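**Student:** I have a structure I would like to understand better, so I am pasting it below and will then ask my questions one at a time.
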Amino acid sequence: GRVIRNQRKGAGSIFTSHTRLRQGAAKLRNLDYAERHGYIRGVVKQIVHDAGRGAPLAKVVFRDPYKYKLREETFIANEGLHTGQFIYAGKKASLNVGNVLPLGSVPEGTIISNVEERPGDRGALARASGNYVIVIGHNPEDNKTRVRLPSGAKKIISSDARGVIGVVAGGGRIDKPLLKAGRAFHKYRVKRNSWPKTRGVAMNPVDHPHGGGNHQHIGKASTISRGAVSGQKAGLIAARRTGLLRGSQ
Amino acid sequence: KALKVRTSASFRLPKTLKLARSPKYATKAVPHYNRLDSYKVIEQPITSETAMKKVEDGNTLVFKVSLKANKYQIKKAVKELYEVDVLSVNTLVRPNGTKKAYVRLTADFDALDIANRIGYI
Amino acid sequence: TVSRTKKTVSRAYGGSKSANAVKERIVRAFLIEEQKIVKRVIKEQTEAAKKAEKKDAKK
Amino acid sequence: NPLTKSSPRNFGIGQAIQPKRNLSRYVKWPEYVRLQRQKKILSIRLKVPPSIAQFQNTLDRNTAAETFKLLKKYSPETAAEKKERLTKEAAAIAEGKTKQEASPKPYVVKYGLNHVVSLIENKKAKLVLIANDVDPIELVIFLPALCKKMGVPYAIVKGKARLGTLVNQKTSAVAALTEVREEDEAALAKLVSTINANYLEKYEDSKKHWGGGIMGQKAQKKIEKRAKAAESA
RNA sequence: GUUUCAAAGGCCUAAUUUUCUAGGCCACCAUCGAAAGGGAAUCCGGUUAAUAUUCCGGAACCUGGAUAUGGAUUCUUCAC
RNA sequence: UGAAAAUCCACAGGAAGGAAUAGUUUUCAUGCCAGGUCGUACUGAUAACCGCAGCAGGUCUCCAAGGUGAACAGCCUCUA
RNA sequence: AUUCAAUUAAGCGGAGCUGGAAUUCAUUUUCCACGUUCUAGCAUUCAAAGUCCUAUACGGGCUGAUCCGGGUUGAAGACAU
RNA sequence: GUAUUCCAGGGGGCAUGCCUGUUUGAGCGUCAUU
Numbered sequence: 002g003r004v005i006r007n008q009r010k011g012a013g014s015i016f017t018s019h020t021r022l023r024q025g026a027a028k029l030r031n032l033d034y035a036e037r038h039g040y041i042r043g044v045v046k047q048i049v050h051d052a053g054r055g056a057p058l059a060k061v062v063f064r065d066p067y068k069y070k071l072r073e074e075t076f077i078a079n080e081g082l083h084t085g086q087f088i089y090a091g092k093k094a095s096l097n098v099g100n101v102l103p104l105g106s107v108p109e110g111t112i113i114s115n116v117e118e119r120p121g122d123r124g125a126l127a128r129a130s131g132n133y134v135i136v137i138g139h140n141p142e143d144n145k146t147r148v149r150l151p152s153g154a155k156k157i158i159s160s161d162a163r164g165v166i167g168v169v170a171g172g173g174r175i176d177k178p179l180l181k182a183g184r185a186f187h188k189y190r191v192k193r194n195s196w197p198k199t200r201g202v203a204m205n206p207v208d209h210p211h212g213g214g215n216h217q218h219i220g221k222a223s224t225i226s227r228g229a230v231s232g233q234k235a236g237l238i239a240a241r242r243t244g245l246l247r248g249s250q
Numbered sequence: 022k023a024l025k026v027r028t029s030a031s032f033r034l035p036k037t038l039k040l041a042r043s044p045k046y047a048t049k050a051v052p053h054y055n056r057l058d059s060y061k062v063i064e065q066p067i068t069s070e071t072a073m074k075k076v077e078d079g080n081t082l083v084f085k086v087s088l089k090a091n092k093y094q095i096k097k098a099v100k101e102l103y104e105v106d107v108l109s110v111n112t113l114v115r116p117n118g119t120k121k122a123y124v125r126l127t128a129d130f131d132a133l134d135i136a137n138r139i140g141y142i
Numbered sequence: 064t065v066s067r068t069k070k071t072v073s074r075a076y077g078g079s080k081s082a083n084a085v086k087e088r089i090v091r092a093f094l095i096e097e098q099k100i101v102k103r104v105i106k107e108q109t110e111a112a113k114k115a116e117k118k119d120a121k122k
Numbered sequence: 023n024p025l026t027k028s029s030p031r032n033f034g035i036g037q038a039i040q041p042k043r044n045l046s047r048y049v050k051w052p053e054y055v056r057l058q059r060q061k062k063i064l065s066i067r068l069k070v071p072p073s074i075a076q077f078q079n080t081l082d083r084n085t086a087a088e089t090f091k092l093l094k095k096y097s098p099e100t101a102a103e104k105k106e107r108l109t110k111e112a113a114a115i116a117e118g119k120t121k122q123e124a125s126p127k128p129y130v131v132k133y134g135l136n137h138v139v140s141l142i143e144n145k146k147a148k149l150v151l152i153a154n155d156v157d158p159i160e161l162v163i164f165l166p167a168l169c170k171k172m173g174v175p176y177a178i179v180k181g182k183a184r185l186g187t188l189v190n191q192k193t194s195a196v197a198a199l200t201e202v203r204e205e206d207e208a209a210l211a212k213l214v215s216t217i218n219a220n221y222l223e224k225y226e227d228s229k230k231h232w233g234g235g236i237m238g239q240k241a242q243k244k245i246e247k248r249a250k251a252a253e254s255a
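Protein chains in written order, with the authors' numbering: chain AA, 2 to 250; chain AX, 22 to 142; chain Bg, 64 to 122; chain AG, 23 to 255.
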C-alpha cells in the first residue's frame, strides 16, 4: 500500500515548527570562574509572552567580566519574578525565588526548575508550565544528588548541575475547556501541522492497517510489539496493561 | 625560551609580504585601438517629418545613436564633431531595436543653421 | 539635514532619557554613594576592634 | 602630591573589568600544531620496545664537542676547491701524464646510508655516528645490531642537522670514519675507549629494558595523593 | 552541510611631503529572494495624428563632490 | 498577543587639537559643479489574455452623482 | 585508542603567601577562608607606590594582579561505535 | 572638470584544483651558540 501518515512525518517538508513569532532559545548562562566560585548580579527588564509556549519568558542583563559590554540571556520566568528585580546566579548565591544555584549547595526538600542533566547543558528537565523538580537525597562520595522528576520516575544527577528556584509561571492552563473547535485550531496554528486527525479505521485498507471492511472495526489486536517495523506501529506500542485504570497510576 | 606574551585566546593568520606582478612577456602583445570612437557613437541624422518640427521650434537636433552609448559619451561626441556646446541629452530605445538621442543645444547656437550645414534640413 | 537644537534638549542625558528619569538616577547615584562610604565606617571600626576582642579569648 | 589622587580597582569576582593577563595556556592553536604536540605525548605514554628505546641514550654535551672538533677536519671539498683540483689535473696530464699519484690521496669522512653500511659489513669503519631523529626509525634501527656483530665502535648523537653541517648537507643521517692521519690517531683511540663503555659494552644490557609508561602531571598528583591516604592513614 | 573539530579579514589616521612606507583599533563569517513588504527627493499650467509627474514655460527639493564671503564664538574660552 | 534587515539619528565617554596681534567652526545664511544603465505605445476583455475561434465560460484591484427607501436592495434620471 | 558535550578554547592541577586561627602548645605536622545581597544608578583609553633614568617636557624597567607545569575544560572508557 | 581620496572618458588586468621553483613567514616539533 501507501506510506502511512505515521511514517511520512519524519521527512520534514510540511511537518515542521512555525518559528516566526518565536522569541529565542530559552537557556541558561555559560559556566566557569564567576559562577563556579562566587556569584553575579543580573537585572530583569522584560517579561514577554512567547508564541506557542506555555511559559512567560524573562530577559536578564548580565555584565561581561572580561570586556566593557552587556550580554542578555533569555530565562524562563518562575512564578514570583517581576521587572526591576535583581537575580543572583552562582555557587555562593543565596536561596531565594529566581536565584540560580548548583544542586550541591542546596538542602533537602527544596523546589527547582530548568534543571540541567549534565553540567553545561544550559537546561533540560522541567521547563513546561506549572512543573517543578524536588530534591530528595545527597552523597559525599561521588558528587551525585538524588532527584524526583514531575512524571514520578526518580533520577541521579551530578551535584554541580544547576537549577532555577521556584515553580514555572503560567500555571493552571489546562483547567479551562476549549469549547469551539476554532480555539483548538489557533493553538496548533502557532506550533506544527498536527491537528485535524482522521481515525485510521475510517480510512481505506491501503492508507492504514485498521481501515477497510463493511463495518468500522479494527479486526486484530491493537496491542503491537516493541520488536516491530515502521508502518505496522499504529495503536498501543508495547503495552503492559489495557483498559480502564483505577486511581493509582 | 621565554615565550611571546599574548593576551587573546584566539590565533589568527599572520599577514605576510604579498608580492606584486612583474611578468616576462605580455599576454596581449598589441594594445587594441579605441573600441568606441567619435564617429562610431553617432551614426546618422534622423530626417522624419516630426524631427524637422523639433529642429525649428525646440532648438533640438535628433540623431540615430549606436547601442552601448552613454549620455556622457553622446555629449562628448557632438561637442567634438560639429563644434557645439550641448545643454542636455535625452535617450530612448526604439521598438525596432535602435537607440535614439534627443539633443538640445544652448541659446548661442541655432539648431536650424547647423542643420543646413550637415546636409539635411 | 536638520539643526541639532531641534533634535535635542539642553540637559544631562538630553534627547534620550526623559527629565523625570534623570531626576531619579541623580538621586539614586548620589544616595548609593553615601551608603557605600558607610560600608567602610561599619567594617573599619568593627574588624579593627575584632582583633582587640579576639585577643581577650586567648588570655 | 596635592592634586594627585589614589584609586584602587578591586578585581574581586564581580567588581570591575579584569586586567590583561597572559593567556598562552588557553589559546586555540592550528591543527598542525595540535598534531605534533600530541604525537610527542602518544609515543611516551605507550610502552616503547627496547630496539627503539636505545636512541634515547644519546651522547652528552661535553664529550660531543670534542668529536665534531675532530670531524671538521677530514671534511670533503667545497665546489670551488674541486674546480681548483681539476685545473691542476688537466695541467699535469697534458704535460707530464700522471694519474693515481698526482693531487695526493684524500683523507675524508664517509657518509650516505647505503655507502656506510657496506664499510661496516667489511670491518673497515673505525668510528660511526648515528642520528636520533630519522623520520622512519625503520631506516636506521638495525645499525646498532650490525656494529655489535662485527665489533665496530659506534655512538648515537643528537642532531641529524649537525652531521649535515660538517659534510655540506642539510641532513646526513650517518657519518663514519675509516682512514685517518698518524698525527691524530692518539686522540681518536681516546674517544673510542670513552664511547665503548656506554654503547658497545652495554649492548646485552640495553637489549632487555623497556622504555615508556610515563604519565602526565594531573595523573602523577592523583596517584601520589591516593597512595598517601589509604596506606599511611 | 552553511557556521562548522578551518591559520577563513577590511575599516580609520598619520608617516613621508620620492609617494611609497608606518600607526592602529576591531573581530563565528559568501551569495542570490518581493516591479503589492522595507525604501534619499517634483508639482501646477501648456503642447501631439499617436508621448508625458519624462519635452516646453514657471516654481521647488534631495544625495554626492568641491569651496570662500558674511554672521556666531573667543582675557580665561570652546555660546547664553 | 498579531515579521525581519538595510538605513538614519541621539546620548554616555573624554582621545586628540586649538587663540589674541590673532584662529576655531562647513550639524546656519548665501554661493559653485554633477547626477550613469534598462522599462515608458495600446488593450485589460459578450472582439487585443486562456479555452483548436471575433466561444453567453473563466481571470487580482482603485475612483464612484440625484430621487425613492432601513439600505452599495429593486425601479427612474444627470455626467461619460 | 574509540565515543559524547561546551567556549571567541580565562583563571585547570599542585605548592606559596597574608591567613584568622588552629588548642600539646608558632609548624617543614595538619585541618580551615579568601575582597560584591535595603534601591531598574556608575564601572572602558591600563594610578597611586617605590626605582631610576628619556634630563624630568613627555615618559622607560619592577610591582598593583604570587609562583611553578604550557593536559582548553568536563563526562565516558577498552565497554560502546 | 581646480583633485593621492570625488566624477567621467581611452587602454590593460582580478576564477578554481594541482605541479616545479621564488619571497615572506607559523610551531619549546627540535639542533648548535652566547
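Beta carbons are placed, not taken as given, at the ideal position from N, Cα and C, and that holds for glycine.
Can you look up residue 3 of chain AG in the DSSP assignment and give me helix, strand or coil?
**Tutor:** Residue 3 of chain AG lies beyond the range of chain AG shown here (23 to 255); nothing can be said about it.
**Student:** From the DSSP output, in three-state form, read off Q65 of chain AX for me.
**Tutor:** Here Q65 of chain AX sits in strand by DSSP.
**Student:** Using the DSSP secondary-structure output, state which residues sit across from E74 of chain AA in a beta bridge.
**Tutor:** Paired residue(s): AA:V61.
**Student:** Just the Cα atoms here: how many angstroms apart are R247 of chain AA and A90 of chain AA?
**Tutor:** Cα-Cα distance, rounded: 44 Å.
**Student:** Helix, strand or coil for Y76 of chain Bg? Go by DSSP, reduced to three states.
**Tutor:** Reduced to three states, the DSSP call for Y76 of chain Bg is coil.
**Student:** Hey, how far is the Cα of residue 11 of chain AG from the Cα of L34 of chain AX?
**Tutor:** Any property of residue 11 of chain AG remains undetermined from this structure, which presents chain AG solely from 23 to 255.
**Student:** Using a threshold of 9 Å, state whether the C-beta atoms of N220 of chain AG and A167 of chain AG are closer than that.
**Tutor:** Their beta carbons are not under 9 Å apart, which means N220 of chain AG does not touch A167 of chain AG by this criterion.
**Student:** Please classify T85 of chain AG: does DSSP put it in a helix, a strand, or coil?
**Tutor:** Here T85 of chain AG sits in helix by DSSP.
**Student:** Under the three-state reduction of DSSP, which class applies to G138 of chain AA: helix, strand or coil?
**Tutor:** Of the three classes helix, strand and coil, the one that applies to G138 of chain AA here is strand, per DSSP.
**Student:** Who are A90 of chain AA's beta bridge partners in DSSP?
**Tutor:** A90 of chain AA is bridged to AA:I41 and AA:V101.
**Student:** When DSSP labels each residue in this structure, what does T224 of chain AA get in the three-state scheme?
**Tutor:** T224 of chain AA falls in the strand class under three-state DSSP.
**Student:** From the DSSP output, in three-state form, read off residue 145 of chain AX for me.
**Tutor:** With chain AX covering 22 to 142 only, the question about residue 145 of chain AX has no answer from this structure.
**Student:** Closest to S159 of chain AA by C-alpha separation, out of AA:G201, AA:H218, AA:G244 and AA:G105, would be which residue?
**Tutor:** Nearest C-alpha to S159 of chain AA: AA:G105.
**Student:** Between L64 of chain AG and chain AX, is there a C-beta pair that is closer than 9 Å?
**Tutor:** Not one chain AX Cβ lies under 9 Å of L64 of chain AG.
**Student:** Kindly examine the ligand SAM and report whether one of its heavy atoms sits closer than 8 Å to the Cβ of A132 of chain AX.
**Tutor:** Judged by which ligands are present, the structure shown has none, so any question about the ligand SAM falls away.
**Student:** Rounded C-beta distance between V196 of chain AG and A153 of chain AG? I'm assuming under 8 Å.
**Tutor:** So it is a contact: roughly 7 Å between Cβ atoms.
**Student:** Thinking C-beta only, is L82 of chain AA closer than 9 Å to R163 of chain AA?
**Tutor:** No, Cβ-Cβ distance for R163 of chain AA and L82 of chain AA is not below 9 Å.
**Student:** Given a cut-off of 9 Å on the beta-carbon distance, is the pair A203 of chain AA and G212 of chain AA in contact?
**Tutor:** Yes, the Cβ-Cβ distance between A203 of chain AA and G212 of chain AA is below 9 Å.
**Student:** With a 10 Å radius around its C-beta and 16 neighbouring C-beta atoms as the bar for buried, classify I5 of chain AA as buried or exposed.
**Tutor:** Counting Cβ neighbours within 10 Å, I5 of chain AA comes out buried, since at least 16 surround it.
**Student:** Output needed for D155 of chain AG: all residues of its chain with C-beta closer than 7 Å, excluding positions within five of it in sequence on either side, in chain order.
**Tutor:** Cβ within range, chain order: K182.
**Student:** Nearest CA to the CA of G167 of chain AA: which residue from AA:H50, AA:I77 and AA:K155?
**Tutor:** When only C-alpha atoms are compared, the closest one is AA:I77.
**Student:** Look at the Cβ atom of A26 of chain AA, then the Cβ atom of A170 of chain AA, and state whether they are nearer than 9 Å.
**Tutor:** Cβ atoms of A26 of chain AA and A170 of chain AA: not closer than 9 Å.
**Student:** Cβ closer than 7 Å: which chain AA residues qualify as neighbours of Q40 of chain AG?
**Tutor:** Residues of chain AA passing the Cβ test: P66 and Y67.
**Student:** Can you list the residues of chain AG that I88 of chain AA reaches, using a CB-CB cut of under 9 Å?
**Tutor:** The premise fails here: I88 of chain AA is roughly 13 Å from chain AG at the closest Cβ pair, so nothing lies under 9 Å.
**Student:** Of the residues AX:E77, AX:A122 and AX:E70, which one's Cα is nearest the Cα of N91 of chain AX?
**Tutor:** Here the closest residue by C-alpha is AX:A122.
**Student:** Check whether the Cβ of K36 of chain AX lies closer than 9 Å to any Cβ atom in chain AG.
**Tutor:** With 9 Å as the cut-off, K36 of chain AX does not count as an interface residue toward chain AG.
**Student:** What residues in the segment 43-71 of chain AG have a beta carbon less than 9 Å from any beta carbon of chain AX?
**Tutor:** Within the segment 43-71 of chain AG, the qualifying residues are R43, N44, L45, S46, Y48, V49, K50, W51, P52 and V55.
**Student:** Which bits of chain AG does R27 of chain AX rub up against, with CB to CB less than 8 Å?
**Tutor:** Per Cβ cutoff of 8 Å: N44, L45, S46 and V49.
**Student:** How should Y133 of chain AA be labelled, buried or exposed, when 16 other C-beta atoms within 10 angstroms of its C-beta is the threshold for buried?
**Tutor:** With 16 or more Cβ atoms within 10 Å of its Cβ, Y133 of chain AA is classed as buried.
**Student:** Taking Cβ positions, are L126 of chain AX and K120 of chain AX nearer each other than 9 Å?
**Tutor:** Contact: no.
**Student:** Give a yes or no on whether the C-beta atoms belonging to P66 of chain AX and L88 of chain AX are separated by under 9 Å.
**Tutor:** Not closer than 9 Å, so no.
**Student:** Does DSSP put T146 of chain AA in a helix, in a strand, or in coil?
**Tutor:** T146 of chain AA falls in the strand class under three-state DSSP.
**Student:** Please confirm whether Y103 of chain AX and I135 of chain AX have their CB atoms less than 9 Å apart.
**Tutor:** Result yes, Cβ atoms of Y103 of chain AX and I135 of chain AX sit closer than 9 Å.
**Student:** For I142 of chain AG, go through chain AA and note every residue whose CB falls closer than 9 Å to its CB, in chain order.
**Tutor:** Result: empty, since nearest Cβ-Cβ is about 60 Å, beyond 9 Å.
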